[PDB]
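> Here is the sequence, then the experimental structure:
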Amino acid sequence: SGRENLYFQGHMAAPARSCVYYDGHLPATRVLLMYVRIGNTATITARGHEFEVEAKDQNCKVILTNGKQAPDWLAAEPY
């Protein structure tokens, strides 16, 4: 609880200018859907549901270009 100590610089999602869409509730159970270039749109079909996304920024939120919010299981991380 109370020990102000630093945390190691660890492997995190690095802004690699591509958003990689995964079906994953966690960054562990993630299933590789596709790689989208930052600044491009992509129809993500998962479970027979198409999510038209736009890889807005290299933080890689899953923001649908159709105006929707995606399910919690739909993740994106920069490659």
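Great, that's in hand. Residues are numbered from 1 along each chain as shown.

> All the strands of the chain, residue numbers only.
Using DSSP state E, the strands found in the chain span residues 18-23, 31-37, 41-46, 49-54, 74-78.

> Tell me which of the ones you listed lies nearest to residue 4.
strand 74-78 (28.8 Å; Cβ to Cβ). Every residue, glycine included, has its C-beta placed from N, CA and C.

> What pairs with that closest one, parallel or antiparallel?
Under the criterion DSSP bridges, strand 74-78 sits next to strand 18-23 (antiparallel) in its sheet.

> Now stretch 60-78: buried residues?
In terms of neighbour count (16 or more other Cβ atoms under 10 Å), stretch 60-78 has its buried residues at 60, 62, 63, 64, 70, 74, 75, 76, 77, 78.

> before we move on, the earlier item: and residue 10, which of the strands of the chain is closest to it?
It is, among the strands of the chain and with distance given as Cβ to Cβ, strand 74-78, at 14.3 Å.

> What lies in contact with the closest one?
Residues from elsewhere that reach strand 74-78 (Cβ atoms under 8 Å, 6 or more residues apart in numbering): 13-24, 27, 30, 36, 38, 44, 46, 51, 53, 55, 58-62.

> Just the buried ones among the residues you listed, please.
Buried, going by 16+ other Cβ under 10 Å: 18-24, 30, 36, 38, 44, 46, 51, 53, 55, 58, 60, 62, out of the contacts of strand 74-78.

> Export stretch 24-37 to PDB, keeping only CA atoms.
Provided in PDB are the C-alpha atoms of stretch 24-37 (Å, rounded to 0.1, in the frame of the first residue of the first chain):
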ATOM      1  CA  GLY A  24      -9.600  -9.300 -26.000                       C
ATOM      2  CA  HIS A  25     -11.100  -8.500 -22.800                       C
ATOM      3  CA  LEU A  26      -7.600  -8.400 -21.500                       C
ATOM      4  CA  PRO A  27      -4.300  -7.700 -23.300                       C
ATOM      5  CA  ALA A  28      -3.700 -11.400 -22.600                       C
ATOM      6  CA  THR A  29      -6.800 -13.000 -24.200                       C
ATOM      7  CA  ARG A  30      -6.400 -10.800 -27.300                       C
ATOM      8  CA  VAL A  31      -7.100 -12.400 -30.700                       C
ATOM      9  CA  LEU A  32      -5.400 -10.900 -33.700                       C
ATOM     10  CA  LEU A  33      -8.100  -9.300 -35.900                       C
ATOM     11  CA  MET A  34      -6.100  -6.900 -38.100                       C
ATOM     12  CA  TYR A  35      -3.500  -4.100 -38.400                       C
ATOM     13  CA  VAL A  36      -4.800  -0.700 -39.400                       C
ATOM     14  CA  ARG A  37      -2.500   2.100 -40.300                       C
END
